[PDB]
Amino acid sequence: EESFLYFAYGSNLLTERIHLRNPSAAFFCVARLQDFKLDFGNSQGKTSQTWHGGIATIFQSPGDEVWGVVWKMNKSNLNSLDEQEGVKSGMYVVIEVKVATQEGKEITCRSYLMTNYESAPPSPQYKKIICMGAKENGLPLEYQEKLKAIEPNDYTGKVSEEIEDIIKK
């Protein structure tokens, strides 16, 4: 009531990652988003200089599904999370989603998706982040198979130091 539920399906799948900016986020549960397909891309044609590859987004697609994690956060983080997801610059738009745990319990969450972008593969580093998250929080083993099968781009240049070590370990 005083806190809000955030459903993420990308880099914020990894606890260590979401904790960088949101160290008070609390794992709430794993859930599925039906009729939504995952994808990666360049917002407004721009290539993320943080990840050096497409960034995660979703769109409505019958049959497809997206698995993520519901994180409980304080409502005081609202604006912080929005600005964190580049809403002001048109990068991402705020969305309300209705997902459900593997037990069949539906949950209403806040999430994000780009409305103007061009598909682009993720950097090998961005991919490792999500995979490390999917494994960690125990998303369905099969869904992880889809994430692990993602073809990354050819980037091996320097990357975020505080992200390098997360990946190293």
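Each residue number is its position in the shown sequence, starting from 1.
- Relative to one another, 24-32 and 101-109 have unequal mean CA B-factors, and 101-109 is the one with the higher figure.
- If you average the C-alpha B-factors over 58-66 and over 44-52, the higher value belongs to 44-52.
- Compared with the other modelled residues of the chain, the Cα B-factor recorded for residue 73 ranks in the middle third.
- In the PDB entry, a CA B factor belonging to the lowest third of its chain's modelled residues is recorded for residue 12.
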